[PDB]
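A single chain comes next, written as structure tokens; it is the form solved without the named molecule.
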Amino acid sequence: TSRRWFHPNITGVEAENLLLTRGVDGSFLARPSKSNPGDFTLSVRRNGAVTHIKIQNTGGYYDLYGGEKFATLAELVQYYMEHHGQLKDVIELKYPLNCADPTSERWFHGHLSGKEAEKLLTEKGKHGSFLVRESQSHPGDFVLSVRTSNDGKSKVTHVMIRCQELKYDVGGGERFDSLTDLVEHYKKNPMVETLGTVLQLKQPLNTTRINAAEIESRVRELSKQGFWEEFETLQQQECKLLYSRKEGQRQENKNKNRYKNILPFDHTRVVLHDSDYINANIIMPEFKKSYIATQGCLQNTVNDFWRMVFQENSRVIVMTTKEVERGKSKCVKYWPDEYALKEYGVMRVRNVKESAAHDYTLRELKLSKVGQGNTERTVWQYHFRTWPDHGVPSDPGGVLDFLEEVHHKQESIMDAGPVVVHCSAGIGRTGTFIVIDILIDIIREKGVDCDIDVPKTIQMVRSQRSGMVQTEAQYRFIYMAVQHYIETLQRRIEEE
């Protein structure tokens, strides 16, 4: 279940040519926009002509022009192929035109020497750890290095991959049209050595896990792009997370979603104890603070939101957007005015005090159940207001100082439930805040000598809610926030 319809290194022209020379009517491909960085293009072939459809991502979701809104490109493609439709009057999405480029695959390392691959497999790798690198002695050819410390019970085996007439082979048998086709076949049908050893391609070698103290070196390496390559490699793994979202698709729940196709996964969704539906998922860091990643309140979901906050015993709400951003509502006001008391169905909310800071507004709320003896608990709502209208903040200090306060508030309340985090779709900005908070919590407790892995943490969060962390700008910001936090901690060590 690998993502093949995405072509990362082609121009609009090359897309038009590929679909007219290799494809037919119904053939399609997705590619990054060369003209609009961060955006994407859906190139579909129809009636002997190629139509380019714009896919915008402002940081909250994927917006298909003339189409609908989605959490990932894989969920967009799955929707129009399993099988729905779009206008500009139909555009048929029938045949995914496969990409032969291996650059964005986890196992591919490109220009890497034999000695480098050997040391990396002996130190980082274990049983079934594999990689594909370019051959220095044989230009055009590739080398597959597989692992199956002085005992000699483990070994590194090298398999030659010949590239002949745009096709790849292991010196015999089948000739594959792409390096990915070769890997998928031998991952399924492992190569057997003449003496019995099975060359199992279990997992690719991890090249993203770094020690927290060496962040400055990794940031410098990714800046001169590295950040783009790492993010595009992370996007190639989204086809593995197409979990069922049946509850969100139900007719009785359709209007409970801000965006029709941005739904919670069934296995992680928040189930309301007596309707059990809310577009929210429990985010549990897996490698102990937990989170609720949710959409901005709808007028008809305000009562359900408070039902969720009450039942989960949540004491901290992180609001990442303003009520209206760029002329479109991101969240409905679900809290009463300062000093006022309001009833939201069975729930009662008192806005005790509003405290304004530079980057945020803090609202001390008192949540209770109507007609029920001491159900009252203080809910601290942290409203972040300085996130720019376009892109990410230029300085990570604001977000970090805010999350440090949010963390300390959460820790000060014994048996406090998951931290509620929300933005527009509850995926982009929400995903960014949650990932940063998870990463800084590892460093805060375990120290600067603990290992961190930015894309692996994101993938783990993405398996719990669709498309958590939307853009490359947000991905780069996570690295900038972690680096700033470490720099701050090292300055503390120096000054006391």
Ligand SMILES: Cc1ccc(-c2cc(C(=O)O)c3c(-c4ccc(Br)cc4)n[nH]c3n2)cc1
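Note that residue numbering follows the sequence shown and begins at 1.
This protein has a second form, the form deposited with the named molecule bound, left out of what is shown; the following refers to that one.
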property	result
Contact residue in the bound PDB entry, from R363, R269, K330, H109 (heavy atom within 4.5 Å of the named molecule)	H109
The unique member of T375, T233, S154, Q200 whose heavy atoms fall within 4.5 Å of the named molecule in the bound PDB entry	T233
Every residue of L205, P455 and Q459 near the named molecule in the bound PDB entry, heavy atom within 4.5 Å	yes
Segment assignment from 234 to 242, 408 to 416, 294 to 302, 172 to 180: heavy atom within 4.5 Å of the named molecule in the bound PDB entry	234 to 242
In the bound PDB entry, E229 touching the named molecule (heavy atom, 4.5 Å)	yes
